[PDB]
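S.K.:
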Amino acid sequence: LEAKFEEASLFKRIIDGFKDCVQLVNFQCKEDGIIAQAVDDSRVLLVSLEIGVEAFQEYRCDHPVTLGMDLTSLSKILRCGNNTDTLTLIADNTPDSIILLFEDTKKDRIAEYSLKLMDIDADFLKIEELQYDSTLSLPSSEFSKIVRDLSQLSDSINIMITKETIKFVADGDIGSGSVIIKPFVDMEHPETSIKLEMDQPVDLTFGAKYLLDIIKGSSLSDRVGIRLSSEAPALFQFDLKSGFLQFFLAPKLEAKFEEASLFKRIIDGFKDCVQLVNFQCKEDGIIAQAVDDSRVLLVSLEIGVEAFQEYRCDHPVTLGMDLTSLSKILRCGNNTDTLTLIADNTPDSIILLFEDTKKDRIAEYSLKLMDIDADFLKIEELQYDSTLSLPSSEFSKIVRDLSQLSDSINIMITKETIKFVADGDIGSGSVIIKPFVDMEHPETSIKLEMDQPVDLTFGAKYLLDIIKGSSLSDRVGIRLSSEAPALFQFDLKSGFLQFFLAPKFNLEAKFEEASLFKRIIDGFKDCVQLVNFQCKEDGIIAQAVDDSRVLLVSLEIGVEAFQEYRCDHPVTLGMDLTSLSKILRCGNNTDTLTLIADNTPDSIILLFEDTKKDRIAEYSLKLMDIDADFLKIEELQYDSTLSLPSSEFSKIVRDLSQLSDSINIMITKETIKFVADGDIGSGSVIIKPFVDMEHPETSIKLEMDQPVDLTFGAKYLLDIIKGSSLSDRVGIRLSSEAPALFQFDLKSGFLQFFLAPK
DNA sequence: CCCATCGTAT
DNA sequence: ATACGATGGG
């Protein structure tokens, strides 16, 4: 047996389609192609795969062989090798195992993986039918969605077919939903058209669980054939060039929004901080008020009529809703669709009617209403000391960033100064924004209307619930009083979302691009948890050995890597990288990162600055005593030295790590061989040296004094490859009497990984 | 031109 | 399993 796909992606796309509902299947190979068939765990969902000869680039099957294998294992081997490589299945007349063989256009890379076959009882039932009461084909896209959606309402979906009508229906405890589509043919984009041939209407019901499995076949085809019958199992078929994948399954007040996205955005700001709320509807619009569990955060929404494309009310109605169930319905289908809220005189439930831009596509849902009491709420006239407004996206960042440090955030308002502060166990953090009016980008202006200084503390828990409404307005209004609740408002067109909140009672090294130091720390934060940052007049260096003592990480950042550098006195900054990460994530990758430390260091200062903005985010990490490591100065001669793209070396490692906990590197003349041999099967990657003038960063240099054959723990190599963010290339020095060297050369710096072979 | 969906990679 | 990128459709 020898069958090669032109594109390895194809075979991956096939396996992925049915790999989640079957653990073990048999592939019966014949002269006329490959075929497979299996059932799910419950044994009601039958899957059948047929791959004809014309589906391959080359197919040769000496003798009918049956290949039983575990899809989990196979799919792991299918993740390997670029999806543009030529995949080739090879099996002997009596196979102990099957051999997969990847090969790109060039001869540079050659991947050969082997999987161990199994003994399965396979009787391929080759059976389809001639007559289905109805037959239809729709984009597997639209279908996958329809199913994923109605699966939130019920455990059983229902398909109902009539002439020129396809109706999917679901009924559950929270509510019901029905999607009606009609047959149409698109001349310009046929891949979106809907075919329907009805010999006779059908009203079959199918378990949602199985449909959820079936829709995974969308990875093979842009379309999905469905054949229904009141006497036969339904046929869900995904066609592929010269073949197909089949799933056989046996049946069992009106307020209209121009954009549906608005209502979603509103509910999003509501949920997560409030459970259920009464939507009070009147002729002048809709209002809703809810408090959080602890009753310290009040949410006040007011939607004016002008916010609707069309709005009408005969009489005031109150709709009690569970925002969780509500958001489930709001999930689908399109954000741009026309949303409409219908309700009868004595509302037992509310009906949401989604309508696409296309006249054809329709979807309506019905949410069962709750019973909630409104009383009692009273808002005394509130006077505020300070009043500011700023880009919601900016305020959102500040909150999210500072939330990382403390469970409490402090807002301080002084004359022409707004200071956000958070103080936690690892260290503090303060962002200081300055009021300014900008003619260009006037939306990003920071207004301040202060009558008297204010110092208020809030639980980060609640500020994170407030920033949820940032999707409603470019800006956010903040009224702050010392005796009144803090008010956070998001302005809608003809409306608003308000949040009432109750207070609480409690060395100079400037990086050109902050992102640089961030990707550096990410390069070895997984290898070592605690590390000293020794700072000298010539730059920053760090040596660290993990607890296992097998890996040595050597960092070095030269002065030429900074936009500015000063060192009056050699300082050492012992830091917890896990802490340093949280802080490095806050500031922008483009912002200027300045490290500041006093002569007698107790803490380090990380300073994030903007280009033309007064905005300054200063952070502070608490240092800790880390005992330095014992340095071994080894000057030796390696057996072999190779350099390759760190992007390639990374893929190679991640691919083989799936097979074994050990990866063997074996250098021979003009050949580099990476081999992982695990239980499920052994995979092997073989690269060859070559130079490419046009693109030098794709070359592979290989100098060898003597063949090498070392094994490294995949656990460690997975950490070493994370330096691929620092350099396009990775240096590899290998020796039999010495630890391997993995080097990533930065600009005016480097990151060395000295790993010890097993 | 913008938005949504699907596929691929990490 | 999640995130990012690319392609297709509206």
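Note that the first sequence covers residues 2 to 253, 269 to 522, 536 to 787 in the deposited numbering.
From the three backbone atoms N, C-alpha and C, an ideal C-beta is built for every residue, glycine too.
1) Am I right that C297 and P332 are in contact with their C-beta atoms under 8 Å? What's the rounded C-beta distance?
2) Would you kindly work out how many angstroms separate the C-alpha atoms of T473 and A502, rounded to a whole number?
3) Would you call the segment 4-24 in contact with the segment 76-91, where contact means no fewer than 3 C-beta pairs closer than 8 Å?
4) May I ask you to report which of helix, strand or coil DSSP gives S777?
5) Could you name each continuous beta strand (DSSP E) segment of 3 residues or more that falls completely within the segment 163-232, going from the start of the chain to the end?
6) Please go through the same chain and pick out, in chain order, the residues whose beta-carbon is closer than 8 Å to the beta-carbon of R683, but skip the five residues on each side of it.
7) Among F239, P786, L636, whose alpha-carbon lies nearest the alpha-carbon of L580?
8) Does the segment 199-219 touch the segment 132-152, meaning 3 or more C-beta pairs lie closer than 8 Å?
9) Touch check for the segment 386-401 and the segment 430-438: three-plus C-beta pairs under 8 Å?
10) Got a sec, what are the start and stop residues for the beta strand (DSSP E) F273 sits in?
11) Anyone know if the C-beta pair for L517 and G485 falls short of 8 Å?
12) Using the beta-carbon count (16 or more within 10 Å), is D71 buried or exposed?
13) Could you spell out where the beta strand (DSSP E) holding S382 opens and where it closes?
14) Quick check: what's the CA-CA separation for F741 versus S446?
15) So what does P407 bridge to, in DSSP terms?
16) Leaving out the 5 sequence neighbours to the left and right, which residues in its chain are closer than 7 Å to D620 when beta-carbon positions are compared?
17) Is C289 helix, strand or coil by DSSP?
18) Suppose you measure from the CA of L406 to the CA of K450; what does that come to, to the nearest Å?
19) Roughly how far, in whole angstroms, is the beta-carbon of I52 from the beta-carbon of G244, given that I think they are within contact range, below 8 Å?
20) Can you have a look at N561 and say buried or exposed, based on whether 16 or more other CB atoms are within 10 angstroms of its CB?
21) Helix, strand or coil for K146, going by three-state DSSP, please let me know.
22) Assign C30 to one of three DSSP states: helix, strand, or coil.
23) Give me, in chain order, the residues of the same chain whose beta-carbon lies closer than 6 Å to that of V312; leave out the 5 immediate sequence neighbours on both sides.
24) Do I625 and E566 have their CB atoms nearer than 8 Å?
25) Unbroken beta strand (DSSP E) runs of length 3 or more, entirely within the segment 458-510: which are they?
26) Report buried or exposed for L660, applying the criterion of at least 16 other Cβ atoms within 10 angstroms of its Cβ.
27) Give the single residue among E143, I78, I692, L650 whose Cα lies nearest to the Cα of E113.
28) Can you check whether the CB of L622 is closer than 8 Å to the CB of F703?
29) For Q153, collect the residues of the same chain with a Cβ closer than 6 Å to its Cβ; drop the 5 residues on either side in sequence, then sort them by chain order.
30) Rounded to a whole number of angstroms, what is the C-alpha to C-alpha distance between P65 and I16?
31) Report the three-state DSSP secondary structure of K413 (helix, strand or coil).
32) For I345, name the three-state secondary structure that DSSP assigns.
33) Using alpha carbons as the reference points, say which of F185, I36, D21, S510 lies closest to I128.
34) Among the residues of its own chain, which have a CB less than 6 Å from the CB of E59, if the five just before and after it don't count?
35) Quick one: residues in its chain with C-beta nearer than 6 Å to the C-beta of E318, no 5 flanking neighbours on either side, listed in chain order?
36) If you reduce the DSSP assignment to three classes, tell me which class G336 lands in.
M.R.: So, from the listed chains and residues:
1) 7 Å
2) 10 Å
3) yes
4) coil
5) 166-172, 176-182, 196-199, 203-208, 224-229
6) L747, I750
7) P786
8) yes
9) no
10) 270-273
11) no
12) buried
13) 378-384
14) 44 Å
15) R491
16) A543, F637, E638, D639
17) coil
18) 10 Å
19) 4 Å
20) buried
21) helix
22) strand
23) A518
24) no
25) 463-466, 470-475, 491-496, 502-508
26) exposed
27) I78
28) no
29) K344
30) 21 Å
31) helix
32) helix
33) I36
34) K5
35) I303, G511, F512
36) strand
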